[PDB]
């Protein structure tokens, strides 16, 4: 929703990392200048860039694990529930299927009814911990 504040917070971060990265690349090159005025430096620059480049590669984020998404909704599950076949779906989606499509396990075809659905408490914790450590979500 109005959670566009995550972009603002990371805006201030990205901004500082860029300033630090430029500053550091300046000191380096300048040193290379002084040295080649009287290289190993070129290597320090690569690793130095890679360091900031990596802490930016993971910033690409948007990588919502597929194993945290429903088989029906194809997206992060809010209420993960498992069937007796061991397949986890998002409650709203599965209860939708069992009421609109039919009384069968979307994947195993095994006979199924809403009352057999079991709350996957463990998965709910995994997803919650995921949504916390990853504000870009939602």
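Residue numbers count along the first chain shown, from 1.
In terms of unmodelled positions of the deposited sequence, the stretch from residue 38 to residue 39 in this entry skips 10 or more residues. The PDB entry reports B-factors from which the mean C-alpha value can be compared for 58-66 and 73-81; the larger average falls on 58-66. The mean C-alpha temperature factor is higher for 8-16 when 8-16 and 21-29 are set side by side. In this PDB entry, the Cα temperature factor of residue 90 sits in the bottom third of its chain's modelled residues, the lowest group.
Ranked within its chain, residue 97 lands in the middle third, by CA B factor from the PDB record. Per the PDB record, residue ranking by Cα B-factor puts residue 109 in the lowest third of the chain.
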